[PDB]
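> Could you have a look at this structure, given as structure tokens, before my questions?
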Amino acid sequence: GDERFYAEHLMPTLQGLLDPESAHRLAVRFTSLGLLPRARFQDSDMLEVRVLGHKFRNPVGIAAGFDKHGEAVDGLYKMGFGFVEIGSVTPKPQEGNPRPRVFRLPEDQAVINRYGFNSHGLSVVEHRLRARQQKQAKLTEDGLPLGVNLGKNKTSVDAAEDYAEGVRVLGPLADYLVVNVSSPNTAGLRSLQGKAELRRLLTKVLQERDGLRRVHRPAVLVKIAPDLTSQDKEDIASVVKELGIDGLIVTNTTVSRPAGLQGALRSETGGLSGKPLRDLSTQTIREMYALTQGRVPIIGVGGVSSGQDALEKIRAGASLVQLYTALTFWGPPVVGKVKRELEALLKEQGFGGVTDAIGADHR
Ligand SMILES: Cc1cc2nc3c(=O)[nH]c(=O)nc-3n(C[C@H](O)[C@H](O)[C@H](O)COP(=O)(O)O)c2cc1C
Ligand SMILES: O=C1c2ccccc2C(=O)c2c1nnn2-c1cc(F)c(-c2cccc(CO)c2)c(F)c1
Ligand SMILES: CCCCCCCCCCCC[N+](C)(C)[O-]
Ligand SMILES: O=C(O)c1cc(=O)[nH]c(=O)[nH]1
């Protein structure tokens, strides 16, 4: 009902009137103000997942980058997301790259962005989250956890200290933290995915995390690129198991440009998201699940806009999934759509619930 209206009329009209960055800002504002109908979909028990030390009422989250500064968290839960991830947040405020820096590829159901970690900074986000900290504690108890995605400043000399500062400041306010070493839009950042740098970096992050008081001690996940070599992936899996990293987010956007893209803006610099990333992401999930023997929780992300997309990532090894780009095309109704379709497919394929389907392709 609302799905068709948003998909065929409202969203195409917003896109026709507004450049993508302006449209994004409007979306965040409307969401923050709750200017959206409370999702009518009631989450069934078979969508519940217990992972990362928490209950998730459903496995569909909002990916990092939509609410970079923690301004729309409650509105995103109202939209029906089972968990919310904000960020990336950098230690100091920074403006990001010059405009234009976001591009729609409607023929490909894709987006290219080169925002460059535009961030209000840790202090501002800290105070935003503190203003609703007890509300979030209740939401988390009720199965709606909060993740905080940490980045590094453009002019930072010591990347590990940037992430450490993020752990110290926002760790106490998060159910999980994400060490984002896979943005394609910060020079040198992805090199932090290399084995030696990654081990040093994550050792420091986990030390800082372990130093927080117990009820303020988050899970720590690493978010990785879809563009890794086989060697890169082996090394990451090894470091993650060695250090006891709590999970992986798989994947960030791709700097590849798959054959067949039709969008006029396909050769813009930046990370590509949406459908052209979908199966690249799913295969990266599949590989990382195998390399970690299924013992390391994966949040699967990239090109999800249907129950089938979600279930493919879950069967490949994901315990949870996220989406972003689908929102920009389908609007808020896509969340209920994915959940309804996912429940139906689980039933069709003989799964008792999401948990039974995690990694099922490997078995
Ligand atoms: C405009 C835009 C901004 C993003 N910003 C971030 C970010 O700040 N940090 C991050 O870890 N991922 C960021 N992402 C990546 C998404 O979290 C996600 O990994 C990726 O877009 C694939 O999911 P999707 O195909 O559903 O959009 C951003 C993506 C887009 C499209
Ligand atoms: O190109 C982009 C884009 C690019 C890069 C990042 C983001 C976006 C992005 O959010 C977007 C785009 N085009 N349209 N939207 C968009 C616009 C909206 F108004 C809403 C929205 C949210 C809440 C309530 C209501 C009204 O009920 C509407 C929405 F979800 C998405
Ligand atoms: C082998 C992967 C090649 C690159 C990505 C493949 C994209 C598959 C097409 C499904 C997209 C649906 N739509 C509306 C976006 O065109
Ligand atoms: O801020 C950005 O440019 C950004 C960060 C990130 O992690 N991923 C992405 O696609 N963009």
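Following the order of the structure tokens, chains are lettered A, B, ..., residues in each are numbered from 1, and ligands are numbered from 1.
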Given a cut-off of 7 Å, what residues near ligand 1 show up using only C-alpha atoms and all ligand atoms, put as a ChimeraX atom specification?
/A:63-66,68,87-88,102,111-113,115,117,149,180,183,223,251-253,273-275,277-278,301-304,322-326
> From a DSSP calculation on the backbone, collect every residue of region 231-352 of chain A in strand (DSSP E) and output the set as a count of residues only.
16
> What is the CA of residue 360 (chain A)-CA of residue 250 (chain A) distance in Å, reported with one decimal?
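About the pair CA of residue 360 (chain A) and CA of residue 250 (chain A): they are 17.4 Å apart.
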> For ligand 2, collect every residue having any atom at a distance of at most 6 Å from a ligand atom (counting only C-alpha atoms and all ligand atoms); output as a PyMOL selection string.
chain A and resi 11+14-15+20-21+23-24+26-27+30-31+35-36+104+327-328+331-332
> Store the residues picked out above in a file with N, CA and C atoms, as a PDB file, in the first residue's frame.

ATOM      1  N   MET A  11       8.838   9.014  -3.726  1.00  0.00           N
ATOM      2  CA  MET A  11      10.298   9.003  -3.775  1.00  0.00           C
ATOM      3  C   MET A  11      10.833   9.516  -5.118  1.00  0.00           C
ATOM      4  N   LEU A  14      10.611  13.329  -4.950  1.00  0.00           N
ATOM      5  CA  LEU A  14      11.635  13.930  -4.101  1.00  0.00           C
ATOM      6  C   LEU A  14      12.967  13.947  -4.837  1.00  0.00           C
ATOM      7  N   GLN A  15      13.299  12.823  -5.467  1.00  0.00           N
ATOM      8  CA  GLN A  15      14.538  12.694  -6.225  1.00  0.00           C
ATOM      9  C   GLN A  15      14.578  13.661  -7.400  1.00  0.00           C
ATOM     10  N   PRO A  20      20.880  14.720  -4.318  1.00  0.00           N
ATOM     11  CA  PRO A  20      20.884  13.646  -3.315  1.00  0.00           C
ATOM     12  C   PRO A  20      21.318  14.103  -1.924  1.00  0.00           C
ATOM     13  N   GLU A  21      22.276  15.018  -1.819  1.00  0.00           N
ATOM     14  CA  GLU A  21      22.698  15.450  -0.495  1.00  0.00           C
ATOM     15  C   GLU A  21      21.577  16.235   0.198  1.00  0.00           C
ATOM     16  N   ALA A  23      18.395  15.902  -0.405  1.00  0.00           N
ATOM     17  CA  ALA A  23      17.376  14.896  -0.134  1.00  0.00           C
ATOM     18  C   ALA A  23      17.734  14.116   1.133  1.00  0.00           C
ATOM     19  N   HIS A  24      19.009  13.776   1.276  1.00  0.00           N
ATOM     20  CA  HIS A  24      19.468  13.082   2.478  1.00  0.00           C
ATOM     21  C   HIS A  24      19.216  13.915   3.731  1.00  0.00           C
ATOM     22  N   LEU A  26      17.063  16.280   4.212  1.00  0.00           N
ATOM     23  CA  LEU A  26      15.626  16.352   4.449  1.00  0.00           C
ATOM     24  C   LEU A  26      15.134  15.056   5.078  1.00  0.00           C
ATOM     25  N   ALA A  27      15.625  13.932   4.564  1.00  0.00           N
ATOM     26  CA  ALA A  27      15.267  12.618   5.093  1.00  0.00           C
ATOM     27  C   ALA A  27      15.632  12.501   6.572  1.00  0.00           C
ATOM     28  N   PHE A  30      13.169  14.833   8.601  1.00  0.00           N
ATOM     29  CA  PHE A  30      11.843  14.227   8.728  1.00  0.00           C
ATOM     30  C   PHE A  30      11.859  13.038   9.676  1.00  0.00           C
ATOM     31  N   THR A  31      12.905  12.229   9.579  1.00  0.00           N
ATOM     32  CA  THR A  31      13.011  11.052  10.432  1.00  0.00           C
ATOM     33  C   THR A  31      13.146  11.485  11.882  1.00  0.00           C
ATOM     34  N   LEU A  35       8.303  12.358  11.434  1.00  0.00           N
ATOM     35  CA  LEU A  35       7.361  12.585  10.339  1.00  0.00           C
ATOM     36  C   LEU A  35       7.330  11.380   9.412  1.00  0.00           C
ATOM     37  N   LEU A  36       6.802  10.297   9.952  1.00  0.00           N
ATOM     38  CA  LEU A  36       6.648   9.054   9.231  1.00  0.00           C
ATOM     39  C   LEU A  36       5.662   8.219  10.021  1.00  0.00           C
ATOM     40  N   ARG A 104      23.332   9.819  -7.581  1.00  0.00           N
ATOM     41  CA  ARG A 104      22.372   8.741  -7.810  1.00  0.00           C
ATOM     42  C   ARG A 104      22.609   8.059  -9.150  1.00  0.00           C
ATOM     43  N   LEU A 327      16.709   2.604   1.020  1.00  0.00           N
ATOM     44  CA  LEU A 327      15.885   3.671   1.608  1.00  0.00           C
ATOM     45  C   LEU A 327      15.762   4.833   0.659  1.00  0.00           C
ATOM     46  N   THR A 328      16.866   5.126  -0.010  1.00  0.00           N
ATOM     47  CA  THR A 328      16.927   6.300  -0.836  1.00  0.00           C
ATOM     48  C   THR A 328      16.045   6.097  -2.076  1.00  0.00           C
ATOM     49  N   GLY A 331      12.106   4.446   0.063  1.00  0.00           N
ATOM     50  CA  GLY A 331      11.631   5.145   1.242  1.00  0.00           C
ATOM     51  C   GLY A 331      11.378   4.209   2.410  1.00  0.00           C
ATOM     52  N   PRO A 332      10.879   4.757   3.530  1.00  0.00           N
ATOM     53  CA  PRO A 332      10.639   4.020   4.780  1.00  0.00           C
ATOM     54  C   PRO A 332       9.904   2.681   4.630  1.00  0.00           C
TER      55      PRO A 332
END
> Show which residues sit within 6 Å of region 155-164 of chain A, as a list in words. Count only C-alpha atoms, and ignore same-chain residues fewer than 2 positions away.
residues 152, 153, 166, 167, 201 and 205 of chain A
> For those residues, write N, CA, C and O atoms to a file as a PDB file, in the first residue's frame.

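Contents of the output file result_33.pdb:
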ATOM      1  N   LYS A 152      38.202   8.323  11.570  1.00  0.00           N
ATOM      2  CA  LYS A 152      39.404   9.070  11.930  1.00  0.00           C
ATOM      3  C   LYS A 152      39.438  10.365  11.134  1.00  0.00           C
ATOM      4  O   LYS A 152      38.926  10.439  10.020  1.00  0.00           O
ATOM      5  N   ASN A 153      40.014  11.398  11.735  1.00  0.00           N
ATOM      6  CA  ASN A 153      40.117  12.684  11.087  1.00  0.00           C
ATOM      7  C   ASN A 153      41.089  12.643   9.916  1.00  0.00           C
ATOM      8  O   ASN A 153      42.060  11.885   9.917  1.00  0.00           O
ATOM      9  N   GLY A 166      37.636   7.517  20.208  1.00  0.00           N
ATOM     10  CA  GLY A 166      36.248   7.156  19.953  1.00  0.00           C
ATOM     11  C   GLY A 166      35.726   6.120  20.929  1.00  0.00           C
ATOM     12  O   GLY A 166      34.582   6.189  21.389  1.00  0.00           O
ATOM     13  N   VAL A 167      36.566   5.142  21.261  1.00  0.00           N
ATOM     14  CA  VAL A 167      36.174   4.106  22.200  1.00  0.00           C
ATOM     15  C   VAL A 167      35.905   4.731  23.565  1.00  0.00           C
ATOM     16  O   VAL A 167      34.905   4.434  24.219  1.00  0.00           O
ATOM     17  N   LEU A 201      46.397  -1.857  15.630  1.00  0.00           N
ATOM     18  CA  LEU A 201      45.245  -0.980  15.795  1.00  0.00           C
ATOM     19  C   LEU A 201      44.161  -1.616  16.673  1.00  0.00           C
ATOM     20  O   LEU A 201      43.636  -0.989  17.602  1.00  0.00           O
ATOM     21  N   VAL A 205      42.504  -0.744  20.362  1.00  0.00           N
ATOM     22  CA  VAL A 205      41.065  -0.554  20.504  1.00  0.00           C
ATOM     23  C   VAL A 205      40.491  -1.456  21.590  1.00  0.00           C
ATOM     24  O   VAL A 205      39.708  -1.008  22.437  1.00  0.00           O
TER      25      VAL A 205
END
> Determine, for each residue of chain A having at least one atom at most 9 Å from an atom of ligand 3, the closest pair of atoms and their separation in Å to one decimal, counting only C-alpha atoms and all ligand atoms; order by chain and ascending number, as a tab-separated table.

residue	atom	partner	partner_atom_place_in_ligand_line	distance
A:105	CA	ligand 3	15 (C)	8.7
A:106	CA	ligand 3	15 (C)	7.4
A:107	CA	ligand 3	16 (O)	5.8
A:108	CA	ligand 3	15 (C)	3.9
A:109	CA	ligand 3	15 (C)	3.7
A:110	CA	ligand 3	15 (C)	6.6
A:257	CA	ligand 3	4 (C)	7.7
A:258	CA	ligand 3	4 (C)	4.5
A:259	CA	ligand 3	4 (C)	6.1
A:260	CA	ligand 3	4 (C)	6.9
A:261	CA	ligand 3	4 (C)	7.6
A:262	CA	ligand 3	16 (O)	8.9
A:274	CA	ligand 3	15 (C)	7.3
A:275	CA	ligand 3	11 (C)	4.8
A:276	CA	ligand 3	5 (C)	3.4
A:277	CA	ligand 3	5 (C)	5.7
A:278	CA	ligand 3	5 (C)	6.8
A:279	CA	ligand 3	2 (C)	6.1
A:280	CA	ligand 3	2 (C)	6.5
A:303	CA	ligand 3	11 (C)	8.6
> What does the file look like for those residues with N, CA, C and O atoms, as a PDB file, in the first residue's frame?

ATOM      1  N   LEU A 105      22.479   6.730  -9.171  1.00  0.00           N
ATOM      2  CA  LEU A 105      22.525   5.951 -10.401  1.00  0.00           C
ATOM      3  C   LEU A 105      21.224   5.166 -10.470  1.00  0.00           C
ATOM      4  O   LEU A 105      21.184   3.972 -10.163  1.00  0.00           O
ATOM      5  N   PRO A 106      20.134   5.841 -10.849  1.00  0.00           N
ATOM      6  CA  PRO A 106      18.818   5.204 -10.758  1.00  0.00           C
ATOM      7  C   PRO A 106      18.680   3.956 -11.622  1.00  0.00           C
ATOM      8  O   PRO A 106      18.016   3.015 -11.202  1.00  0.00           O
ATOM      9  N   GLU A 107      19.305   3.940 -12.791  1.00  0.00           N
ATOM     10  CA  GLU A 107      19.223   2.778 -13.679  1.00  0.00           C
ATOM     11  C   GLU A 107      19.876   1.531 -13.088  1.00  0.00           C
ATOM     12  O   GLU A 107      19.627   0.421 -13.563  1.00  0.00           O
ATOM     13  N   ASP A 108      20.700   1.729 -12.063  1.00  0.00           N
ATOM     14  CA  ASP A 108      21.452   0.649 -11.416  1.00  0.00           C
ATOM     15  C   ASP A 108      20.997   0.407  -9.984  1.00  0.00           C
ATOM     16  O   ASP A 108      21.512  -0.490  -9.323  1.00  0.00           O
ATOM     17  N   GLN A 109      20.010   1.179  -9.528  1.00  0.00           N
ATOM     18  CA  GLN A 109      19.615   1.225  -8.117  1.00  0.00           C
ATOM     19  C   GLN A 109      20.857   1.298  -7.235  1.00  0.00           C
ATOM     20  O   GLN A 109      21.064   0.489  -6.319  1.00  0.00           O
ATOM     21  N   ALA A 110      21.672   2.306  -7.524  1.00  0.00           N
ATOM     22  CA  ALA A 110      22.935   2.493  -6.846  1.00  0.00           C
ATOM     23  C   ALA A 110      23.158   3.948  -6.516  1.00  0.00           C
ATOM     24  O   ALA A 110      22.493   4.829  -7.061  1.00  0.00           O
ATOM     25  N   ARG A 257      33.900  -0.834 -10.205  1.00  0.00           N
ATOM     26  CA  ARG A 257      32.771  -0.440 -11.016  1.00  0.00           C
ATOM     27  C   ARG A 257      32.411  -1.642 -11.849  1.00  0.00           C
ATOM     28  O   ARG A 257      32.972  -1.852 -12.923  1.00  0.00           O
ATOM     29  N   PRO A 258      31.492  -2.460 -11.334  1.00  0.00           N
ATOM     30  CA  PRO A 258      31.144  -3.691 -12.035  1.00  0.00           C
ATOM     31  C   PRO A 258      30.722  -3.456 -13.470  1.00  0.00           C
ATOM     32  O   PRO A 258      30.136  -2.427 -13.794  1.00  0.00           O
ATOM     33  N   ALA A 259      31.032  -4.409 -14.341  1.00  0.00           N
ATOM     34  CA  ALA A 259      30.609  -4.298 -15.726  1.00  0.00           C
ATOM     35  C   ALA A 259      29.100  -4.157 -15.745  1.00  0.00           C
ATOM     36  O   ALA A 259      28.408  -4.756 -14.921  1.00  0.00           O
ATOM     37  N   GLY A 260      28.600  -3.334 -16.654  1.00  0.00           N
ATOM     38  CA  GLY A 260      27.175  -3.237 -16.883  1.00  0.00           C
ATOM     39  C   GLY A 260      26.462  -2.056 -16.255  1.00  0.00           C
ATOM     40  O   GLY A 260      25.276  -1.873 -16.492  1.00  0.00           O
ATOM     41  N   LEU A 261      27.153  -1.267 -15.441  1.00  0.00           N
ATOM     42  CA  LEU A 261      26.540  -0.065 -14.875  1.00  0.00           C
ATOM     43  C   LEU A 261      26.054   0.846 -15.988  1.00  0.00           C
ATOM     44  O   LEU A 261      26.789   1.097 -16.950  1.00  0.00           O
ATOM     45  N   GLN A 262      24.834   1.344 -15.842  1.00  0.00           N
ATOM     46  CA  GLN A 262      24.223   2.207 -16.856  1.00  0.00           C
ATOM     47  C   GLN A 262      24.157   3.675 -16.467  1.00  0.00           C
ATOM     48  O   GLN A 262      24.019   4.532 -17.343  1.00  0.00           O
ATOM     49  N   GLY A 274      24.357  -0.149  -3.111  1.00  0.00           N
ATOM     50  CA  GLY A 274      23.136  -0.584  -3.757  1.00  0.00           C
ATOM     51  C   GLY A 274      23.302  -1.874  -4.532  1.00  0.00           C
ATOM     52  O   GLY A 274      24.184  -2.681  -4.247  1.00  0.00           O
ATOM     53  N   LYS A 275      22.440  -2.088  -5.511  1.00  0.00           N
ATOM     54  CA  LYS A 275      22.342  -3.422  -6.095  1.00  0.00           C
ATOM     55  C   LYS A 275      23.639  -3.920  -6.754  1.00  0.00           C
ATOM     56  O   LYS A 275      23.931  -5.123  -6.695  1.00  0.00           O
ATOM     57  N   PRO A 276      24.439  -3.018  -7.353  1.00  0.00           N
ATOM     58  CA  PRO A 276      25.665  -3.555  -7.962  1.00  0.00           C
ATOM     59  C   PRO A 276      26.688  -4.103  -6.962  1.00  0.00           C
ATOM     60  O   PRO A 276      27.617  -4.804  -7.350  1.00  0.00           O
ATOM     61  N   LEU A 277      26.498  -3.774  -5.690  1.00  0.00           N
ATOM     62  CA  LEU A 277      27.329  -4.271  -4.606  1.00  0.00           C
ATOM     63  C   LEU A 277      26.775  -5.555  -3.965  1.00  0.00           C
ATOM     64  O   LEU A 277      27.483  -6.246  -3.219  1.00  0.00           O
ATOM     65  N   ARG A 278      25.515  -5.879  -4.242  1.00  0.00           N
ATOM     66  CA  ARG A 278      24.821  -6.902  -3.453  1.00  0.00           C
ATOM     67  C   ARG A 278      25.572  -8.228  -3.387  1.00  0.00           C
ATOM     68  O   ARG A 278      25.921  -8.720  -2.305  1.00  0.00           O
ATOM     69  N   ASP A 279      25.857  -8.815  -4.533  1.00  0.00           N
ATOM     70  CA  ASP A 279      26.387 -10.161  -4.491  1.00  0.00           C
ATOM     71  C   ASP A 279      27.890 -10.169  -4.163  1.00  0.00           C
ATOM     72  O   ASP A 279      28.401 -11.129  -3.576  1.00  0.00           O
ATOM     73  N   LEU A 280      28.591  -9.085  -4.482  1.00  0.00           N
ATOM     74  CA  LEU A 280      29.979  -8.938  -4.056  1.00  0.00           C
ATOM     75  C   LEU A 280      30.049  -8.978  -2.532  1.00  0.00           C
ATOM     76  O   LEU A 280      30.923  -9.623  -1.955  1.00  0.00           O
ATOM     77  N   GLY A 303      23.395  -3.717  -0.802  1.00  0.00           N
ATOM     78  CA  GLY A 303      22.387  -3.964  -1.816  1.00  0.00           C
ATOM     79  C   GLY A 303      21.116  -4.681  -1.378  1.00  0.00           C
ATOM     80  O   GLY A 303      20.432  -5.265  -2.212  1.00  0.00           O
TER      81      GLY A 303
END
> Excluding residue 57 (chain A) and its own-chain neighbours fewer than 2 positions away, which residues fall within 8 Å of it when counting only C-alpha atoms? Please give them as a VMD selection string.
chain A and resid 43 45 47 to 49 55 59 82 142 to 144
> Let's see if you can do this: from backbone DSSP, list all helix (DSSP H, G or I) residues in region 64-289 of chain A, as a ChimeraX atom specification.
/A:73-78,106-108,122-130,133-141,159-173,189-193,195-210,214-216,230-243,275-289
> Can you pull out the residues contacting residue 61 (chain A)? Cut-off 12 Å, using only C-alpha atoms, and skip same-chain residues under 4 positions away; I want them as a VMD selection string.
chain A and resid 56 to 57 66 73 76 to 77 79 to 86 144 to 147 249 299 to 302 304 to 305 310 319 to 324 327 334 to 336 338 to 339
> Please save N, CA, C and O atoms of the selected residues as a compact mmCIF listing (two decimals), in the first residue's frame.

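Now in result21.txt:
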# COMPACT_ATOMS: atom_id res chain seq x y z
N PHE A 56 18.10 -8.83 19.52
CA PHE A 56 17.65 -7.98 18.41
C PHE A 56 16.25 -8.42 18.03
O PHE A 56 16.05 -9.56 17.60
N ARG A 57 15.27 -7.53 18.20
CA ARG A 57 13.87 -7.84 17.91
C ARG A 57 13.66 -8.28 16.46
O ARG A 57 12.79 -9.11 16.17
N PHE A 66 23.78 6.99 7.22
CA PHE A 66 22.51 7.67 7.06
C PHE A 66 22.36 8.71 8.17
O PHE A 66 22.07 9.87 7.90
N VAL A 73 18.02 8.79 15.72
CA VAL A 73 18.00 7.43 16.25
C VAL A 73 16.59 6.93 16.56
O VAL A 73 16.18 5.85 16.14
N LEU A 76 14.43 6.32 13.57
CA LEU A 76 14.84 5.12 12.84
C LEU A 76 14.25 3.87 13.50
O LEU A 76 13.82 2.96 12.81
N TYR A 77 14.19 3.83 14.83
CA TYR A 77 13.48 2.71 15.46
C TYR A 77 12.00 2.74 15.09
O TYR A 77 11.38 1.70 14.87
N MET A 79 10.79 3.63 12.40
CA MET A 79 10.71 3.14 11.02
C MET A 79 10.70 1.61 10.96
O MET A 79 10.39 1.02 9.91
N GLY A 80 11.05 0.96 12.07
CA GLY A 80 10.98 -0.49 12.16
C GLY A 80 12.32 -1.21 12.17
O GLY A 80 12.37 -2.44 12.18
N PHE A 81 13.42 -0.46 12.16
CA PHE A 81 14.73 -1.09 12.21
C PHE A 81 14.93 -1.79 13.55
O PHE A 81 14.53 -1.27 14.61
N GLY A 82 15.53 -2.98 13.50
CA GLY A 82 15.78 -3.77 14.69
C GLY A 82 16.98 -3.28 15.47
O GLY A 82 17.16 -3.62 16.65
N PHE A 83 17.83 -2.50 14.81
CA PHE A 83 18.96 -1.87 15.48
C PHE A 83 19.40 -0.70 14.62
O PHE A 83 19.09 -0.65 13.42
N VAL A 84 20.06 0.26 15.25
CA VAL A 84 20.49 1.48 14.59
C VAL A 84 21.98 1.63 14.74
O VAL A 84 22.51 1.44 15.83
N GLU A 85 22.67 1.96 13.64
CA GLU A 85 24.09 2.28 13.70
C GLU A 85 24.30 3.70 13.24
O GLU A 85 23.91 4.07 12.13
N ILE A 86 24.89 4.52 14.10
CA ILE A 86 25.20 5.90 13.73
C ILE A 86 26.67 6.03 13.39
O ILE A 86 27.47 5.16 13.71
N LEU A 144 16.28 -3.54 20.98
CA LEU A 144 16.59 -2.54 19.94
C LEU A 144 17.94 -1.87 20.22
O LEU A 144 17.99 -0.73 20.70
N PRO A 145 19.04 -2.57 19.93
CA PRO A 145 20.36 -2.05 20.29
C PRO A 145 20.87 -0.93 19.40
O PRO A 145 20.34 -0.67 18.30
N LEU A 146 21.91 -0.27 19.90
CA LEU A 146 22.53 0.86 19.23
C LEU A 146 24.01 0.61 18.97
O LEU A 146 24.77 0.22 19.87
N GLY A 147 24.42 0.84 17.73
CA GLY A 147 25.82 0.75 17.35
C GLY A 147 26.37 2.13 17.02
O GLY A 147 25.65 3.00 16.54
N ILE A 249 31.54 -6.41 10.15
CA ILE A 249 30.52 -5.82 9.29
C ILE A 249 31.03 -5.90 7.87
O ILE A 249 32.12 -5.41 7.56
N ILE A 299 27.60 -8.97 10.50
CA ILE A 299 26.50 -8.13 10.05
C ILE A 299 26.69 -7.91 8.56
O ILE A 299 27.70 -7.35 8.14
N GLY A 300 25.73 -8.38 7.78
CA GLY A 300 25.82 -8.35 6.33
C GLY A 300 25.15 -7.12 5.75
O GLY A 300 24.01 -6.80 6.08
N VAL A 301 25.84 -6.44 4.85
CA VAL A 301 25.32 -5.21 4.30
C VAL A 301 25.83 -5.00 2.88
O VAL A 301 26.98 -5.32 2.56
N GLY A 302 24.94 -4.51 2.03
CA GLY A 302 25.26 -4.24 0.63
C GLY A 302 24.13 -4.69 -0.26
O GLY A 302 23.90 -5.88 -0.44
N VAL A 304 20.79 -4.65 -0.09
CA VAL A 304 19.59 -5.33 0.40
C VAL A 304 18.35 -4.47 0.23
O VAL A 304 18.29 -3.35 0.75
N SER A 305 17.35 -4.97 -0.49
CA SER A 305 16.06 -4.29 -0.55
C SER A 305 14.86 -5.24 -0.53
O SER A 305 13.73 -4.80 -0.72
N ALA A 310 18.03 -10.26 1.97
CA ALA A 310 18.40 -10.44 3.37
C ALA A 310 18.71 -11.90 3.66
O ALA A 310 19.73 -12.22 4.30
N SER A 319 24.46 -12.93 10.76
CA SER A 319 23.51 -13.00 11.86
C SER A 319 22.49 -11.87 11.82
O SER A 319 21.38 -11.99 12.33
N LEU A 320 22.92 -10.73 11.26
CA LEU A 320 22.10 -9.55 11.10
C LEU A 320 22.41 -8.95 9.75
O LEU A 320 23.46 -9.25 9.18
N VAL A 321 21.51 -8.11 9.25
CA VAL A 321 21.77 -7.38 8.02
C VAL A 321 21.49 -5.91 8.22
O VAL A 321 20.81 -5.52 9.17
N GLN A 322 22.06 -5.09 7.34
CA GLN A 322 21.73 -3.67 7.29
C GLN A 322 21.40 -3.25 5.87
O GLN A 322 21.78 -3.92 4.89
N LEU A 323 20.74 -2.11 5.75
CA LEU A 323 20.53 -1.47 4.46
C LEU A 323 20.61 0.04 4.60
O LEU A 323 20.44 0.59 5.68
N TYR A 324 20.90 0.69 3.48
CA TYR A 324 20.88 2.14 3.40
C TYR A 324 20.32 2.55 2.03
O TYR A 324 19.26 3.16 1.96
N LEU A 327 16.71 2.60 1.02
CA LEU A 327 15.88 3.67 1.61
C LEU A 327 15.76 4.83 0.66
O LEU A 327 14.71 5.47 0.53
N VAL A 334 10.35 0.29 2.85
CA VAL A 334 11.21 -0.84 2.51
C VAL A 334 11.56 -1.68 3.74
O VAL A 334 11.82 -2.87 3.62
N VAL A 335 11.54 -1.07 4.92
CA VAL A 335 11.93 -1.80 6.13
C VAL A 335 10.90 -2.89 6.43
O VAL A 335 11.26 -4.06 6.61
N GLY A 336 9.63 -2.52 6.49
CA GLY A 336 8.57 -3.49 6.69
C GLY A 336 8.53 -4.52 5.58
O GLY A 336 8.26 -5.70 5.82
N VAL A 338 11.05 -5.73 3.72
CA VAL A 338 12.11 -6.72 3.88
C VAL A 338 11.77 -7.70 5.01
O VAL A 338 11.98 -8.91 4.87
N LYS A 339 11.24 -7.18 6.11
CA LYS A 339 10.90 -8.03 7.25
C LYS A 339 9.78 -9.00 6.92
O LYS A 339 9.86 -10.19 7.25
